[PDB]
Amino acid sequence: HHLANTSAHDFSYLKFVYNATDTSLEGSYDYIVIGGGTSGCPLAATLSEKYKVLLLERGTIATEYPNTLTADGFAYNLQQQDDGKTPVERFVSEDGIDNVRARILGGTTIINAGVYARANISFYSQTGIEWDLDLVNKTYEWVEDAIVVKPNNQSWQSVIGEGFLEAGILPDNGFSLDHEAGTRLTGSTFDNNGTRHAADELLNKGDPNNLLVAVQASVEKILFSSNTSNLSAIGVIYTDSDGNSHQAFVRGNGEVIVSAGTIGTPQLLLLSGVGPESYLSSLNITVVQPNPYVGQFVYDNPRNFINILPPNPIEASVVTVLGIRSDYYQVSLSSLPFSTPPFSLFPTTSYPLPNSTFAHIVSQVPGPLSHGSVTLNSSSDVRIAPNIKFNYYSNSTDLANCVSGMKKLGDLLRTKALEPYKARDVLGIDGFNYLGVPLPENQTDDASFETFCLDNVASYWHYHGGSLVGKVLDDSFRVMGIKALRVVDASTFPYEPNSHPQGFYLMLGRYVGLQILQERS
């Protein structure tokens, strides 16, 4: 009933968006939210219902990059070179796996693949947080009313769904937003006219008299009270696009919330002296609050895949059909050929280029159990990306789950559903033409599947952790030991909420905003 309709991207909120060069944005606020992204935008909009809010985003507005605003533009933004101003910031983990993060108002919802899902209902009790489950669901509906649709039919997504069901990914769940075992059509933040809807549009739910947004605002330090006896965050330093510095503060019972993402939040905490004592001391960063876990327990769920090249063209699609098991989450994207690769779609730049249409058939490892860290490259410059290592497949359970997922992709390639897409009508799956590495020969050779998993891993782009609840934060998302400082974004949990987490983190931004308001009343 509540889902959104086909509609233009709503930029009405630009009336309270300003360049960070404007010094009249400096001053005192009730709340400062750092990072105008997936959690940050609904958080800021929610707080602004009652209080004065400054939202600071390092990127510009999405209208500057029109290919972020359509389903057809997804590949373009990844193909585009990173000049330091583009909405996609490229990086390579220390593992050697290419990756991207967002740099734009709206955050990663402006560049992502649009898949919308609610969290696995078991996630809430898994965390042990005392969730208000009725409020969680009302908050999902608030997001979904604004930016989520039921997708129309797409031929390739329907093929893949028939294949998942035939391969035993049961039951058939029809259309459902919920992360449950089986095959389903889920929601999308692309509407059925191809228009991208995103977290920035949730700013339209803020009070235009109370919410201010500064763009091209690079937040480089959190400021703290000089009296440490009662240590509190008091404000931030940020620089504008011309390089000049600015300061903003919170007042009274207000708070600073960091929503700068898995990469940005631990980086800013470390730069600000919140983190592991001997590490920060080794950089001659004065320790404000020692905590061994800042930038620790950083996770990237592996993506493994094969690419088939059908002998007749298939239609490009956005991902809407999901095949879910407890030990693997599977989808498929169909794509036009390209001569410039979308960066990080494949794990390195030396990957073969497709000359015809292809299906990217994908499996995601849950968890994962392997983890690494975010550490500083520069001890002063927040615009220099931190070092990030994920330690893919260091935990053997992850590898075992990849093996299981790849065997299930073999089952999928053997379905009647996928048979019309073979180049040769032979009995085996070698009748497909493959871009890149095909699935290993014999399913009895687990060592061949393990080698395939290890050598051909890519990022699923769903990385998380680095400021975990229970390590850096309490159950109210407050940074332990520091007053008036919280963290709300994907740095907060060590496991996925589901196969596609934007829906959870959109919800979380508003949910924690409501908790902050209730606490204050």
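In this text, residue numbers run from 1 along the sequence as written.
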{"query": "51-59 versus 451-459 - greater average Cα B-factor per the deposited record", "finding": "451-459"}
{"query": "154-162 or 264-272, whichever carries the higher mean Cα B-factor", "finding": "154-162"}
{"query": "Largest Cα B-factor, entry values, listed residues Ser259, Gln443, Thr109, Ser245", "finding": "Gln443"}
{"query": "Of the residues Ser370, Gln216, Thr357, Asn210, the one carrying the largest Cα B-factor as recorded", "finding": "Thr357"}
{"query": "Ranked C-alpha temperature factor of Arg103 among modelled chain residues, by third", "finding": "lowest"}
{"query": "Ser24 by Cα B-factor - lowest, middle or highest third of the modelled chain", "finding": "highest"}
{"query": "Where the record places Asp475 (Cα B-factor, split into thirds across the chain)", "finding": "highest"}
{"query": "Chain third (lowest, middle, highest) by recorded CA B-factor, residue given as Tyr238", "finding": "lowest"}
{"query": "CA B-factor placement of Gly187, once the chain's modelled residues are sorted into thirds", "finding": "middle"}
